[PDB]
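my_file00.pdb (PDB, C-alpha atoms)
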```
ATOM      1  CA  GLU A 101     137.260 196.319 176.062
ATOM      2  CA  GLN A 102     135.940 194.598 179.239
ATOM      3  CA  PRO A 103     136.148 191.242 177.294
ATOM      4  CA  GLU A 104     139.051 189.783 179.292
ATOM      5  CA  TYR A 105     137.310 186.431 179.806
ATOM      6  CA  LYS A 106     136.221 186.420 176.151
ATOM      7  CA  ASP A 107     139.372 184.303 175.821
ATOM      8  CA  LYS A 108     138.175 182.203 178.770
ATOM      9  CA  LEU A 109     135.212 181.243 176.583
ATOM     10  CA  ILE A 110     137.748 179.792 174.139
ATOM     11  CA  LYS A 111     139.570 178.299 177.140
ATOM     12  CA  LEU A 112     136.226 176.696 178.023
ATOM     13  CA  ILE A 113     135.425 175.308 174.567
ATOM     14  CA  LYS A 114     138.928 173.802 174.491
ATOM     15  CA  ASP A 115     138.269 172.349 177.941
ATOM     16  CA  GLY A 116     135.098 170.711 176.611
ATOM     17  CA  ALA A 117     137.106 169.275 173.711
ATOM     18  CA  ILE A 118     139.189 166.675 175.561
ATOM     19  CA  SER A 119     136.308 166.248 178.026
ATOM     20  CA  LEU A 120     134.115 165.291 175.076
ATOM     21  CA  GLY A 121     136.644 163.511 172.871
ATOM     22  CA  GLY A 122     134.747 165.052 169.982
ATOM     23  CA  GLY A 123     135.477 164.864 166.277
ATOM     24  CA  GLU A 124     132.724 167.115 164.969
ATOM     25  CA  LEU A 125     130.807 168.779 167.794
ATOM     26  CA  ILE A 126     128.615 171.640 166.518
ATOM     27  CA  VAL A 127     129.181 174.010 169.463
ATOM     28  CA  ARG A 128     125.979 175.906 170.303
ATOM     29  CA  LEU A 129     127.404 179.149 171.719
ATOM     30  CA  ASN A 130     126.193 181.633 174.360
ATOM     31  CA  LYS A 131     123.683 183.579 172.221
ATOM     32  CA  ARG A 132     124.418 185.923 169.297
ATOM     33  CA  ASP A 133     126.661 188.135 171.452
ATOM     34  CA  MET A 134     128.879 185.054 171.351
ATOM     35  CA  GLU A 135     127.697 183.545 168.037
ATOM     36  CA  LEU A 136     129.158 186.546 166.186
ATOM     37  CA  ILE A 137     132.034 186.840 168.669
ATOM     38  CA  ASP A 138     133.499 183.384 169.368
ATOM     39  CA  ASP A 139     132.947 182.346 165.732
ATOM     40  CA  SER A 140     134.916 185.309 164.322
ATOM     41  CA  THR A 141     138.189 183.376 164.574
ATOM     42  CA  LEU A 142     137.013 180.045 163.147
ATOM     43  CA  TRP A 143     140.128 178.127 162.021
ATOM     44  CA  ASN A 144     141.713 179.360 165.270
ATOM     45  CA  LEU A 145     138.938 177.638 167.255
ATOM     46  CA  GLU A 146     139.390 174.322 165.410
ATOM     47  CA  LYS A 147     143.153 174.240 166.139
ATOM     48  CA  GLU A 148     143.811 171.970 169.156
ATOM     49  CA  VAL A 149     140.523 170.163 168.375
ATOM     50  CA  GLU A 150     141.861 167.930 165.580
ATOM     51  CA  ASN A 151     145.111 167.727 167.575
ATOM     52  CA  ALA A 152     144.596 165.722 170.801
ATOM     53  CA  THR A 153     141.271 164.268 169.599
ATOM     54  CA  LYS A 154     140.847 163.133 165.971
ATOM     55  CA  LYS A 155     138.885 165.716 163.949
ATOM     56  CA  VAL A 156     138.145 169.467 163.973
ATOM     57  CA  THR A 157     135.166 171.147 165.686
ATOM     58  CA  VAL A 158     132.896 173.632 163.884
ATOM     59  CA  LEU A 159     130.354 175.780 165.758
ATOM     60  CA  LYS A 160     126.836 176.133 164.343
ATOM     61  CA  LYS A 161     123.458 177.086 165.887
ATOM     62  CA  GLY A 162     123.198 180.185 168.084
ATOM     63  CA  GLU A 163     120.732 179.301 170.837
ATOM     64  CA  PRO A 164     120.479 181.915 173.673
ATOM     65  CA  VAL A 165     122.111 180.713 176.879
ATOM     66  CA  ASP A 166     124.083 182.303 179.722
ATOM     67  CA  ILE A 167     127.840 182.927 179.429
ATOM     68  CA  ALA A 168     129.602 179.715 178.357
ATOM     69  CA  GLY A 169     128.795 177.689 175.238
ATOM     70  CA  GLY A 170     127.594 174.094 175.582
ATOM     71  CA  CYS A 171     129.277 171.937 172.935
ATOM     72  CA  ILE A 172     126.751 169.268 171.886
ATOM     73  CA  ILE A 173     127.575 166.759 169.113
ATOM     74  CA  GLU A 174     125.756 166.611 165.756
ATOM     75  CA  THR A 175     125.617 162.840 166.018
ATOM     76  CA  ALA A 176     124.234 163.261 169.535
ATOM     77  CA  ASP A 177     126.065 160.310 171.097
ATOM     78  CA  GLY A 178     127.063 162.776 173.839
ATOM     79  CA  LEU A 179     126.239 166.253 175.144
ATOM     80  CA  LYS A 180     128.675 168.202 177.336
ATOM     81  CA  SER A 181     126.866 171.043 179.109
ATOM     82  CA  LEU A 182     129.760 173.430 179.744
ATOM     83  CA  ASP A 183     127.549 176.464 180.381
ATOM     84  CA  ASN A 184     128.220 179.206 182.926
ATOM     85  CA  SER A 185     125.118 178.200 184.913
ATOM     86  CA  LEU A 186     126.267 174.563 184.790
ATOM     87  CA  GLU A 187     129.638 175.695 186.180
ATOM     88  CA  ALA A 188     128.436 178.294 188.708
ATOM     89  CA  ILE A 189     125.356 176.380 189.882
ATOM     90  CA  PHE A 190     127.452 173.225 189.685
ATOM     91  CA  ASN A 191     130.425 174.696 191.576
ATOM     92  CA  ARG A 192     128.138 175.237 194.585
ATOM     93  CA  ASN A 193     126.805 171.673 194.301
ATOM     94  CA  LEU A 194     130.458 170.704 194.684
ATOM     95  CA  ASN A 195     130.911 172.776 197.848
ATOM     96  CA  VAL A 196     127.546 171.980 199.477
ATOM     97  CA  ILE A 197     128.370 168.278 199.247
ATOM     98  CA  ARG A 198     131.943 168.923 200.401
ATOM     99  CA  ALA A 199     130.607 170.782 203.450
ATOM    100  CA  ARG A 200     128.385 167.730 203.934
ATOM    101  CA  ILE A 201     131.593 165.710 203.646
ATOM    102  CA  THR A 202     132.970 167.404 206.767
ATOM    103  CA  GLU A 203     131.083 164.939 208.985
ATOM    104  CA  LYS A 204     129.416 162.278 206.789
ATOM    105  CA  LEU A 205     129.971 158.565 207.572
ATOM    106  CA  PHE A 206     131.680 159.137 210.949
TER     107      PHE A 206
END
```

Now that the file is in, can you turn its structure into structure tokens?
Amino acid sequence: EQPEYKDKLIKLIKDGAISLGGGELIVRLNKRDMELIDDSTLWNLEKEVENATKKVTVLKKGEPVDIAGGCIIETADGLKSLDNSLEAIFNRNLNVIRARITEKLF
């Protein structure tokens, strides 16, 4: 299989849910290799979406990305960029500042 974190992708879209507070956010997934994959179980994706929030989320366009799908709203009042590159190039930005916070304002 090798697709062990292919359920992490769903654990990432669900993470973006509450972090968006989205009713209908047309989730633009991580290319076709995800646009055919993550949107194979559709009513299983929109489960906890209408739960904690208000309404259910339906994925749409399949724009080529990295590893994780950025869930941007149709009524573009907001745009959560939960990509892999915005989590792995952002996780360093967390540490580089935190290493800078090992002396700052002393």

Test item: the PyMOL selection byres ((chain A and resi 119) around 12) resolved as an NGL selection string: :A and (112-118 or 120-123 or 125 or 149 or 152-153 or 170-172 or 178-182)

Output file for the residues above (C-alpha atoms, as a PDB file, in the coordinates of the input):
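Saved the output as selection.pdb:
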```
ATOM      1  CA  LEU A 112     136.226 176.696 178.023  1.00  0.00           C
ATOM      2  CA  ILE A 113     135.425 175.308 174.567  1.00  0.00           C
ATOM      3  CA  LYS A 114     138.928 173.802 174.491  1.00  0.00           C
ATOM      4  CA  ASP A 115     138.269 172.349 177.941  1.00  0.00           C
ATOM      5  CA  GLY A 116     135.098 170.711 176.611  1.00  0.00           C
ATOM      6  CA  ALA A 117     137.106 169.275 173.711  1.00  0.00           C
ATOM      7  CA  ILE A 118     139.189 166.675 175.561  1.00  0.00           C
ATOM      8  CA  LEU A 120     134.115 165.291 175.076  1.00  0.00           C
ATOM      9  CA  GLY A 121     136.644 163.511 172.871  1.00  0.00           C
ATOM     10  CA  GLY A 122     134.747 165.052 169.982  1.00  0.00           C
ATOM     11  CA  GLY A 123     135.477 164.864 166.277  1.00  0.00           C
ATOM     12  CA  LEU A 125     130.807 168.779 167.794  1.00  0.00           C
ATOM     13  CA  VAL A 149     140.523 170.163 168.375  1.00  0.00           C
ATOM     14  CA  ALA A 152     144.596 165.722 170.801  1.00  0.00           C
ATOM     15  CA  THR A 153     141.271 164.268 169.599  1.00  0.00           C
ATOM     16  CA  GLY A 170     127.594 174.094 175.582  1.00  0.00           C
ATOM     17  CA  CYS A 171     129.277 171.937 172.935  1.00  0.00           C
ATOM     18  CA  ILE A 172     126.751 169.268 171.886  1.00  0.00           C
ATOM     19  CA  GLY A 178     127.063 162.776 173.839  1.00  0.00           C
ATOM     20  CA  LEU A 179     126.239 166.253 175.144  1.00  0.00           C
ATOM     21  CA  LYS A 180     128.675 168.202 177.336  1.00  0.00           C
ATOM     22  CA  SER A 181     126.866 171.043 179.109  1.00  0.00           C
ATOM     23  CA  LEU A 182     129.760 173.430 179.744  1.00  0.00           C
TER      24      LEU A 182
END
```

Residue IDs satisfying the PyMOL selection byres ((chain A and resi 147) around 12), as a PyMOL selection string: chain A and resi 110+113-114+117+141-146+148-158

Those selected residues, please, written with C-alpha atoms and delivered as a PDB file, in the coordinates of the input.
```pdb
ATOM      1  CA  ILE A 110     137.748 179.792 174.139  1.00  0.00           C
ATOM      2  CA  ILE A 113     135.425 175.308 174.567  1.00  0.00           C
ATOM      3  CA  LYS A 114     138.928 173.802 174.491  1.00  0.00           C
ATOM      4  CA  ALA A 117     137.106 169.275 173.711  1.00  0.00           C
ATOM      5  CA  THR A 141     138.189 183.376 164.574  1.00  0.00           C
ATOM      6  CA  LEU A 142     137.013 180.045 163.147  1.00  0.00           C
ATOM      7  CA  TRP A 143     140.128 178.127 162.021  1.00  0.00           C
ATOM      8  CA  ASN A 144     141.713 179.360 165.270  1.00  0.00           C
ATOM      9  CA  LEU A 145     138.938 177.638 167.255  1.00  0.00           C
ATOM     10  CA  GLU A 146     139.390 174.322 165.410  1.00  0.00           C
ATOM     11  CA  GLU A 148     143.811 171.970 169.156  1.00  0.00           C
ATOM     12  CA  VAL A 149     140.523 170.163 168.375  1.00  0.00           C
ATOM     13  CA  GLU A 150     141.861 167.930 165.580  1.00  0.00           C
ATOM     14  CA  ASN A 151     145.111 167.727 167.575  1.00  0.00           C
ATOM     15  CA  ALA A 152     144.596 165.722 170.801  1.00  0.00           C
ATOM     16  CA  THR A 153     141.271 164.268 169.599  1.00  0.00           C
ATOM     17  CA  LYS A 154     140.847 163.133 165.971  1.00  0.00           C
ATOM     18  CA  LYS A 155     138.885 165.716 163.949  1.00  0.00           C
ATOM     19  CA  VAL A 156     138.145 169.467 163.973  1.00  0.00           C
ATOM     20  CA  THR A 157     135.166 171.147 165.686  1.00  0.00           C
ATOM     21  CA  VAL A 158     132.896 173.632 163.884  1.00  0.00           C
TER      22      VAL A 158
END
```

For residue 111 of chain A, the nearest of the candidates A:185, A:124, A:169, A:131, counting only C-alpha atoms: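 The closest residue to residue 111 of chain A is A:169.
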
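Comparing A:106, A:173, A:164, A:184 by their smallest distance to residue 140 of chain A, the closest is A:106 (using only C-alpha atoms).
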
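Separating atom CA of residue 130 of chain A from atom CA of residue 168 of chain A is a distance of 5.6 Å.
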
Atom pair atom CA of residue 183 of chain A / atom CA of residue 165 of chain A: separation (Å):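 Separating atom CA of residue 183 of chain A from atom CA of residue 165 of chain A is a distance of 7.7 Å.
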
Separation of atom CA of residue 134 of chain A from atom CA of residue 189 of chain A, in Å and rounded to one decimal: 20.8 Å

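Among the candidates A:206, A:167, A:160, A:201, the one nearest to residue 187 of chain A when counting all atoms listed in the file is A:167.
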
Nearest residue to residue 135 of chain A from the set A:101, A:162, A:177, A:109 (distances using all atoms listed in the file):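 Of A:101, A:162, A:177, A:109, the one nearest residue 135 of chain A is A:162, counting all atoms listed in the file.
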
Incomplete segment 106-131 of chain A filled out to N, CA, C and O atoms as a JSON list (two decimals), keeping the file's coordinate frame:
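Now in rebuild_29.json:
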```
[["chain", "number", "residue", "atom", "x", "y", "z"],
["A", 106, "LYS", "N", 136.68, 186.80, 177.49],
["A", 106, "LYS", "CA", 136.22, 186.42, 176.15],
["A", 106, "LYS", "C", 137.23, 185.46, 175.51],
["A", 106, "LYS", "O", 136.97, 184.88, 174.45],
["A", 107, "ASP", "N", 138.38, 185.31, 176.16],
["A", 107, "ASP", "CA", 139.37, 184.30, 175.82],
["A", 107, "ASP", "C", 139.24, 183.10, 176.76],
["A", 107, "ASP", "O", 139.79, 182.03, 176.49],
["A", 108, "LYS", "N", 138.52, 183.29, 177.86],
["A", 108, "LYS", "CA", 138.18, 182.20, 178.77],
["A", 108, "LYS", "C", 137.10, 181.33, 178.14],
["A", 108, "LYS", "O", 137.06, 180.13, 178.38],
["A", 109, "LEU", "N", 136.23, 181.96, 177.35],
["A", 109, "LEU", "CA", 135.21, 181.24, 176.58],
["A", 109, "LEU", "C", 135.87, 180.24, 175.64],
["A", 109, "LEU", "O", 135.41, 179.11, 175.52],
["A", 110, "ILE", "N", 136.95, 180.67, 174.98],
["A", 110, "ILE", "CA", 137.75, 179.79, 174.14],
["A", 110, "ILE", "C", 138.53, 178.80, 174.99],
["A", 110, "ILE", "O", 138.79, 177.68, 174.55],
["A", 111, "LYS", "N", 138.90, 179.20, 176.20],
["A", 111, "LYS", "CA", 139.57, 178.30, 177.14],
["A", 111, "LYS", "C", 138.59, 177.31, 177.76],
["A", 111, "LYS", "O", 138.99, 176.34, 178.42],
["A", 112, "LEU", "N", 137.30, 177.57, 177.55],
["A", 112, "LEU", "CA", 136.23, 176.70, 178.02],
["A", 112, "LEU", "C", 135.80, 175.71, 176.94],
["A", 112, "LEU", "O", 135.51, 174.56, 177.24],
["A", 113, "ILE", "N", 135.76, 176.17, 175.69],
["A", 113, "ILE", "CA", 135.43, 175.31, 174.57],
["A", 113, "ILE", "C", 136.54, 174.29, 174.33],
["A", 113, "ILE", "O", 136.27, 173.16, 173.93],
["A", 114, "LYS", "N", 137.78, 174.70, 174.60],
["A", 114, "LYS", "CA", 138.93, 173.80, 174.49],
["A", 114, "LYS", "C", 138.97, 172.81, 175.65],
["A", 114, "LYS", "O", 139.52, 171.71, 175.52],
["A", 115, "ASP", "N", 138.40, 173.22, 176.78],
["A", 115, "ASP", "CA", 138.27, 172.35, 177.94],
["A", 115, "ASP", "C", 137.22, 171.27, 177.70],
["A", 115, "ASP", "O", 137.37, 170.13, 178.14],
["A", 116, "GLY", "N", 136.16, 171.64, 176.98],
["A", 116, "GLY", "CA", 135.10, 170.71, 176.61],
["A", 116, "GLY", "C", 135.55, 169.73, 175.55],
["A", 116, "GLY", "O", 135.00, 168.63, 175.45],
["A", 117, "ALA", "N", 136.57, 170.11, 174.78],
["A", 117, "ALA", "CA", 137.11, 169.28, 173.71],
["A", 117, "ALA", "C", 137.55, 167.91, 174.23],
["A", 117, "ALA", "O", 136.90, 166.90, 173.96],
["A", 118, "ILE", "N", 138.64, 167.90, 174.99],
["A", 118, "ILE", "CA", 139.19, 166.68, 175.56],
["A", 118, "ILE", "C", 138.18, 165.97, 176.46],
["A", 118, "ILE", "O", 138.16, 164.74, 176.54],
["A", 119, "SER", "N", 137.34, 166.76, 177.13],
["A", 119, "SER", "CA", 136.31, 166.25, 178.03],
["A", 119, "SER", "C", 135.12, 165.68, 177.25],
["A", 119, "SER", "O", 134.23, 165.06, 177.84],
["A", 120, "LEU", "N", 135.10, 165.91, 175.95],
["A", 120, "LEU", "CA", 134.12, 165.29, 175.08],
["A", 120, "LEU", "C", 134.76, 164.17, 174.28],
["A", 120, "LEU", "O", 134.16, 163.10, 174.11],
["A", 121, "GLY", "N", 135.98, 164.40, 173.82],
["A", 121, "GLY", "CA", 136.64, 163.51, 172.87],
["A", 121, "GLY", "C", 135.92, 163.59, 171.54],
["A", 121, "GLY", "O", 135.66, 162.57, 170.89],
["A", 122, "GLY", "N", 135.59, 164.82, 171.14],
["A", 122, "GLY", "CA", 134.75, 165.05, 169.98],
["A", 122, "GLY", "C", 135.50, 165.26, 168.69],
["A", 122, "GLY", "O", 136.51, 165.98, 168.64],
["A", 123, "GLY", "N", 135.00, 164.62, 167.63],
["A", 123, "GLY", "CA", 135.48, 164.86, 166.28],
["A", 123, "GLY", "C", 134.80, 166.12, 165.77],
["A", 123, "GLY", "O", 135.41, 167.18, 165.72],
["A", 124, "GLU", "N", 133.53, 165.98, 165.41],
["A", 124, "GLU", "CA", 132.72, 167.12, 164.97],
["A", 124, "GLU", "C", 131.58, 167.39, 165.94],
["A", 124, "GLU", "O", 130.52, 166.77, 165.87],
["A", 125, "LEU", "N", 131.82, 168.33, 166.85],
["A", 125, "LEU", "CA", 130.81, 168.78, 167.79],
["A", 125, "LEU", "C", 130.38, 170.21, 167.46],
["A", 125, "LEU", "O", 131.12, 171.17, 167.71],
["A", 126, "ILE", "N", 129.18, 170.34, 166.89],
["A", 126, "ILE", "CA", 128.62, 171.64, 166.52],
["A", 126, "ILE", "C", 128.28, 172.47, 167.76],
["A", 126, "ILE", "O", 127.17, 172.41, 168.29],
["A", 127, "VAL", "N", 129.27, 173.25, 168.21],
["A", 127, "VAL", "CA", 129.18, 174.01, 169.46],
["A", 127, "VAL", "C", 128.13, 175.12, 169.44],
["A", 127, "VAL", "O", 128.30, 176.15, 168.77],
["A", 128, "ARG", "N", 127.04, 174.91, 170.17],
["A", 128, "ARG", "CA", 125.98, 175.91, 170.30],
["A", 128, "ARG", "C", 126.39, 176.93, 171.35],
["A", 128, "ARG", "O", 126.36, 176.66, 172.55],
["A", 129, "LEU", "N", 126.78, 178.12, 170.88],
["A", 129, "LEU", "CA", 127.40, 179.15, 171.72],
["A", 129, "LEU", "C", 126.42, 180.00, 172.53],
["A", 129, "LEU", "O", 125.20, 179.91, 172.35],
["A", 130, "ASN", "N", 126.97, 180.81, 173.43],
["A", 130, "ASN", "CA", 126.19, 181.63, 174.36],
["A", 130, "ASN", "C", 125.52, 182.84, 173.70],
["A", 130, "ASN", "O", 125.95, 183.98, 173.88],
["A", 131, "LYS", "N", 124.46, 182.56, 172.94],
["A", 131, "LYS", "CA", 123.68, 183.58, 172.22],
["A", 131, "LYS", "C", 124.48, 184.28, 171.12],
["A", 131, "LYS", "O", 125.67, 184.01, 170.93]]
```
